[PDB]
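In C-alpha cells, the next block holds one chain alone, the form deposited in one PDB entry.
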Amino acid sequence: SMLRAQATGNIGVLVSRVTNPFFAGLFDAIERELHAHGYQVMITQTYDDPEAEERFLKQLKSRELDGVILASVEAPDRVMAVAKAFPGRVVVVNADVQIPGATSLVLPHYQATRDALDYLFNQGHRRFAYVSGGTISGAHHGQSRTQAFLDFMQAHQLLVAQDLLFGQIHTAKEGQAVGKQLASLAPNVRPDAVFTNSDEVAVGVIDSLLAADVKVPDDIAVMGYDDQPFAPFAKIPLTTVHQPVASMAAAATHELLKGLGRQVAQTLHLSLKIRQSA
C-alpha cells in the first residue's frame, strides 16, 4: 500500500503586529484569499517575541501546516533552512530581505524613501528628523530605508543631526513622545520635516506638535508611511508613502498557492500620496 502525504489544509501567516493597521490589512487580504481556496489560517505576531518565528516554523516542520507566508523575518538563516526543506511552501513578502529557497517578494522601499525625501527637499526642507521602528545602526537585514536616509543626506550635502534620529518607535503613543520632544526644541534646533516610517507614528507626532501650537506642515512637515485606513481621516490628512496592500497580498498568495500545486503559473510600486501633513 503506497501512502502519500495528505494536505492539512492549514497555512501560517506571520505578521509583526496585528494592531498595526497596515499588517491587519495585509493579513486580511492574504487570509481571505487563502480562506476562499479552502484553507484555514494560523497567525502569529513577533512584535513582543522574537521566538515566535521559531515556533511558527516548527508548525510547518512538524507537518501541521502546508505552507507559510512571512511578512516579517527575524533570522533569515533559520527561515532559509526551513525553506530548503519545504520548497514551494515558504513565501516571504515585504520583509526587506530575500531568503534563498523561499519565493521572496521585495518591494522598492529604498527607492520610495529616496523619492519621498527628495520630495521633502524640494519643498525647501533641510533639517530632517528620522524615525524608525528598527535600530539606527546595524548590519542586520531590514535597514533599506535607513540606508536611503543616510544616502539622501550625503547626496544633498546635509549633515545628519544625531539628536534628530529616533529608533525603536512603532506606535502612535511613541510618536506622541517623539513629537513632544521635537516641540520642546528651540525653533532653530527643530527639524523642518519628520520622516516617520509609519502612519501610526505620524498621527502621534502630529498630535503632540499641534498640542504645543507647532503648525503642521507650516512649522514642521510630517511624512507618514503606508497609507493606512485612517490616513485620509487624520486631523491633518497624511502625506505618506502608499503600500500596495491588495496587490502584494495577491502576489504572495499566488506564489504560495502555485507552490502548493493549487494554482497554475501566470510590478509592485510604492508611490507618494500627497495630502496635507507634508
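Note that the rigid core is defined as the largest set of C-alphas that superpose within 1.5 Å between two forms. The first residue of the sequence shown is number 1, and the count goes up from there.
Peer 1: Residue 125: absent from a third or more of the other PDB entries compared?
Peer 2: No, residue 125 is modelled in every one of the other compared entries that cover both of its flanks.
Peer 1: Does the comparison with other PDB entries of this protein show residue 187 lacking coordinates in a third or more of them, where both adjacent residues are built?
Peer 2: Looking at the other entries that model residues on either side of it, residue 187 is present in every one.
Peer 1: What number of deposited residues lacks coordinates in the span between residue 266 and residue 267: none, 1 to 3, 4 to 9, or 10 or more?
Peer 2: Count of unmodelled residues in between: 4 to 9.
Peer 1: Going by the mean C-alpha B-factor recorded in the entry, which is higher: 7 to 15 or 256 to 264?
Peer 2: Higher mean C-alpha B-factor in the PDB entry: 256 to 264.
Peer 1: Should the higher mean CA B-factor in the entry be assigned to 236 to 244 or to 206 to 214?
Peer 2: The recorded data point to 206 to 214.
Peer 1: Please work out which residue in 94, 146, 198, 98 has the highest C-alpha B-factor recorded for this crystal structure.
Peer 2: Of the options given, 98 has the highest CA B-factor in the PDB entry.
Peer 1: Can you pull the Cα B-factors for 33, 48, 53, 226 from the entry and say which is highest?
Peer 2: That would be 48.
Peer 1: Lowest, middle or highest third: which one holds residue 115 when the chain's residues are ordered by CA B-factor from the entry?
Peer 2: CA B-factor rank for residue 115: lowest third.
Peer 1: Ranking the modelled residues of this chain by C-alpha B-factor as given in the entry, is residue 72 in the lowest, middle or highest third?
Peer 2: Its C-alpha B-factor belongs to the lowest third of this chain's values.
Peer 1: Compared with the other modelled residues in the chain, in which third is the CA B-factor of residue 109?
Peer 2: Lowest third.
Peer 1: Sorting by Cα B-factor within the chain, modelled residues only, which third would residue 194 end up in: lowest, middle or highest?
Peer 2: For residue 194, whose C-alpha B-factor we compare with every modelled residue in the chain, the answer is the lowest third.
Peer 1: Looking at the entry's B-factor column for C-alpha atoms only, identify whether residue 271 ranks in the lowest, middle or highest third of its chain.
Peer 2: Within its chain, residue 271 is a middle-third residue by C-alpha B-factor, going by the deposited values.
We do not show the form deposited in another entry, though everything after this point is about it.
Peer 1: Scan 109, 170, 190, 141 for the one whose CA shifts by 2 Å or more between the shown form and the other one after superposing the rigid core, and name it.
Peer 2: By this measure, the answer is 141.
Peer 1: Residue 48: with the rigid core matched between the shown form and the other one, does its Cα shift 2 Å or more?
Peer 2: Yes, the C-alpha moves 2 Å or more.
Peer 1: Once you account for a change of 3 Å or more, let me know if residue 48 and residue 69 sit closer or farther in the other entry, using their C-alpha atoms.
Peer 2: So the answer is closer.
Peer 1: Compare the CA separation of residue 140 and residue 80 in the other entry with the one in the displayed structure, and answer closer or farther (the difference is at least 3 Å).
Peer 2: Residues separate in the other entry, at least 3 Å farther apart.
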